[PDB]
Amino acid sequence: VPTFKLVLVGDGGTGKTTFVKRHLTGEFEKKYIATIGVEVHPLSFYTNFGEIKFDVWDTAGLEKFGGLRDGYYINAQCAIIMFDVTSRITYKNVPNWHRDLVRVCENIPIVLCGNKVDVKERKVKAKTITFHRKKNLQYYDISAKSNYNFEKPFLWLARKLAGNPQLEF
Amino acid sequence: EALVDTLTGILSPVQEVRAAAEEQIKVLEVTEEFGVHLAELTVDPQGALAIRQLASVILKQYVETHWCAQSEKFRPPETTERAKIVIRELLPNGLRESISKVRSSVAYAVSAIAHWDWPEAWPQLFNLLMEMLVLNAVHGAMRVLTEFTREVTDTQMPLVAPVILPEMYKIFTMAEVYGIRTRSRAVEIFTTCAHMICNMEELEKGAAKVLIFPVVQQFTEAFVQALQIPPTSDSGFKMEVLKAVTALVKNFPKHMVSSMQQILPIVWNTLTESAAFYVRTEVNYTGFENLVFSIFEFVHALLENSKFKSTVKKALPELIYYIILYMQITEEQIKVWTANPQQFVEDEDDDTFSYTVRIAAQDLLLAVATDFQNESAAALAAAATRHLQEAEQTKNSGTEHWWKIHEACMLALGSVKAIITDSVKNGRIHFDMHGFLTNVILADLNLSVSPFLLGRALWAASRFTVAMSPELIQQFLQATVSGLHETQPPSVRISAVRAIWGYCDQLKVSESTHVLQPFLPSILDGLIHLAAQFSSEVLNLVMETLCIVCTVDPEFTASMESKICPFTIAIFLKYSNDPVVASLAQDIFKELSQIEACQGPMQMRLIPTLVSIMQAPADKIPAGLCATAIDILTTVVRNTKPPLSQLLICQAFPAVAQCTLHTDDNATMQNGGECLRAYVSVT
Ligand SMILES: Nc1nc2c(ncn2[C@@H]2O[C@H](COP(=O)(O)OP(=O)(O)OP(=O)(O)O)[C@@H](O)[C@H]2O)c(=O)[nH]1
């Protein structure tokens, strides 16, 4: 019944569509097909007390395929910055993604995540990352194939959305 | 009119209408009347604010795309001067009396415009008027200034900094009209400009030159005038000022040398007063966290500059006391940890991602210890003794919150065990280690004040094993093993598991494991029974402790392998996805495979499940599982005796062969690659 719009802003080819599909219905797809623009994959979730809708508004990473960056963030209720633990460039512009994200929507709970815990965790970026420290940014590490914390970001967002830290699927 | 319906489509989820509206945007933009429409839609009140933000952000795109034929992102329909002079006087009419969203969006747009038109110099003083006109109006100009000064390149910076920075100091010093928040944002603007200008001076000099460098002195004195003030009591404002002072210290130390001897005492007073306030208002509770983190970052930076290094060492024994004063567990954290043991295992871990005052203080302590090992050890000894004395004093009076100082003292003394225990080895201090363990650690194992103290005491006895009597060792181990039981709360159980890790490491390195020998079966039984209660994060620790326990003594494992092997295999199956679970399983099997007495049963119990995993379809078993199975097989075969078993050659070899043959997953082929490569190691 309640609809909660969130947003992915993962730079580069770091997994976002694989993530959303694997959560929507299916399994991991190896083939790289960069999304041009935004495709909402409605994703509802049942809870121990209630039911939550998370219309993931996946967005494009690369420049040329942007279309409308900052265009679809309006009327958001959360967001999931992203970057892969295997790439180095996907981190050094997380501050830029954050400034572009928190500007249009004010201080919505954002969970800086990390994909593919399987390959090499904290490989080229740094063995530790100091961006989530002071702000309202809950870090994590998930996987779209291994399916590791693959309910934890959405659990965190639901908890911080309804308020009760007791919600569970 | 119809100009706005498209934007509603841009906000809509349905793919078709969104694509249609996006193409409408891409096609109508070429008309010069676009920007004026965007402005008249975003500035006009009485409208869906979402549409306002949409128009403003699309206007940002416009200014980036059809304003400068020289920009790397130019589009054919360049903007006519008429629409330019129209919006340029119609756009700034926002920034006023609205929700911060649309104001910040209009500010984004203005900064985009102003990013181009500062050299051509249209009137850039309308916002300057809003500085003195009262509130919502000023917040708009402040956001404009922030965005602009973040946008200016290295070229404009030596020109715009000597213009903004004087007016910035004007705004800051004037504390009568400009509220706290506006002054804080002015400070942030100064810090941004200084950081970027020092970056430029690093790239191409010109910053510390005849330019703003004196204004740096002006602002330094302005800062050192601010911290004393309790109005303007906003703690976050003090946080911004302190962050700015850290910027000054780290960027150009040479200018800070003269006045820093005056800045240090007020920082010290802030630290002490904030320690008292925190202990009162958050620890014993029936943006300040950001302030504390700022003070700690300042101390960190102060430790960096070589000339400023000896400045902290002189007052080190007076700092570690307040550090330890900060490491107390807060009531909110006690509630959370009691309500969610997963969070207790994630946070108190020593490679965490959470960041609470406790963790920051712990980092500060580890740093100032690893930098001044001898001095820091002596200072930690003295301050721990002083804390012990004050704790005993307030204990005689029976204070309801006396133990939290014991927890923090134990944590500080353990988390740096190396330097302190080494200094005690040569007696460079006069801290009674035996007295510490007896009267402090062991004596508190018998109380009934709170579980977390019991657990911290268990975890603390772990570090100082190299200095304790054998009877003390037996006492501590007997208490710890009793800690894995179900009668105790989960937190003390988890801490006891960590203590068992510490024992199995230290005693083994100490080559004295025959003291742990009579405790193994109880230890392993408790570990096993724990792992079957809690699911993920507790397991991620239990399995590692189990690996170390196996490493303790091979004979015991050879006796009780019939327990380790089935549990480890069942867990590696049910919880195969996790990476650290897989690595821990592989480590168990590796350490287990050294025991030649375990060969038979381990192979007989594992190889069937391994091959059955290999045979299964790639789309039926959970993903990544085949890879971990292959790696486990590699470890088994490589880390075993040269003569191979009949089970491997008859099943493992053809199974992995056909697996590598018919597979297509890159990871599968890769890991199987080393598998077959390791198989060639046959003699
Ligand atoms: N091998 C492996 N790849 C993964 C895993 N999880 C995510 N991926 C990645 O998922 C990606 C699929 O691309 P998308 O999901 O569309 O993300 P993207 O490449 O940024 O594409 P856009 O959304 O258009 O930006 C692949 O490139 C994989 O690298 C994993 O667990 N294992």
Quiz item: After finding the eigenvalues of the alpha carbon gyration tensor for chain B, what semi-axes result from the square roots of 5 times each, listed largest first in whole Å?
Solution: 57, 40, 23
Exercise. Take every DSSP beta bridge whose two residues both sit in the protein assembly as shown, then give the antiparallel share in percent to the nearest 5.
Key: 45
Practice problem: Assign unit charges at the C-beta atoms only (+1 for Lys and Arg, -1 for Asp and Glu), then state the dipole size of chain B relative to its Cα centre in Debye, rounded to the nearest 20. | Solution: 1080
Quiz item: Just how many % of Cα pairs in segment B:141-208 lie over 14 Å apart, if you round to the nearest whole percent?
Solution: 56
Quiz item: Tally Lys/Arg at +1 and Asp/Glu at -1 over every other residue whose Cβ is under 11 Å from the Cβ of B:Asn305; what's the total?
Solution: +3
Practice problem: Pull up the DSSP beta bridges for chain A and report the antiparallel fraction as a percent, rounded to 5. | Solution: 45
Practice problem: Just flag the GluC sites (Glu not before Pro) in segment B:334-411 sitting in loop per DSSP whose Cβ has no more than 12 other Cβ atoms within 10 Å. | Solution: B:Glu400
Exercise. Would you please state the base-10 log of I(q)/I(0) at q = 0.11 1/Å for the protein assembly as shown, with intensities from the Debye formula using one equal scatterer on every alpha carbon?
Key: -1.38
Quiz item: Points 7 angstrom from Cα along the Cβ direction at B:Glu16 and B:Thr31: gap in nanometres?
Solution: 2.5
Exercise. Take the Cα pairs of segment B:404-535, get the Kirkwood Rh, then feed it into Stokes-Einstein at 10 °C and 1.306 mPa s and tell me D in µm²/s.
Key: 105
Quiz item: Which percent of Cα-Cα pairs in chain A sits in each 10 Å bin, short to long?
Solution: 10, 41, 39, 10, 0
Practice problem: Would you please put B:1-14, B:593-606, B:187-200 in order of how densely packed they are, using the mean number of other Cβ atoms within 10 angstrom per residue and starting with the highest? | Solution: B:187-200, B:593-606, B:1-14
Practice problem: Calculate the dipole size of the protein assembly as shown relative to its Cα centre from +1 charges on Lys and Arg beta carbons and -1 charges on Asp and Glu beta carbons; express the result in debye to the nearest 20. | Solution: 800
Quiz item: Other chains' Cβ within 10 Å of B:574-580 residues: what's the mean?
Solution: 4
Practice problem: For the protein assembly as shown, build the charge dipole from Cβ charges (+1 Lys, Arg; -1 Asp, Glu) around the Cα centre, then report which of A:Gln166, B:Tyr321, B:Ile621 sits farthest towards its positive end. | Solution: B:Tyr321
Practice problem: With only alpha-carbon atoms counted, please give the Rg and Dmax of segment A:28-120, in Å. | Solution: 14.5, 43
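Contour minus end-to-end for B:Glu331 and B:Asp371, with contour as 0.36 nm per residue of separation and end-to-end as the Cα-Cα distance?
Separation in residues times 0.36 nm, less the Cα-Cα distance, equals 11.2 nm.
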Self-check item: Share of Cα-Cα pairs in segment A:114-156 lying beyond 15 Å, as whole percent
Solution: 47
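Heads up, the Cβs are rebuilt from the backbone with ideal geometry, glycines too, and the neighbour counts pull from every protein chain shown. Quick note: the coordinates plus some simple rules give every number you see, no bench work behind them.
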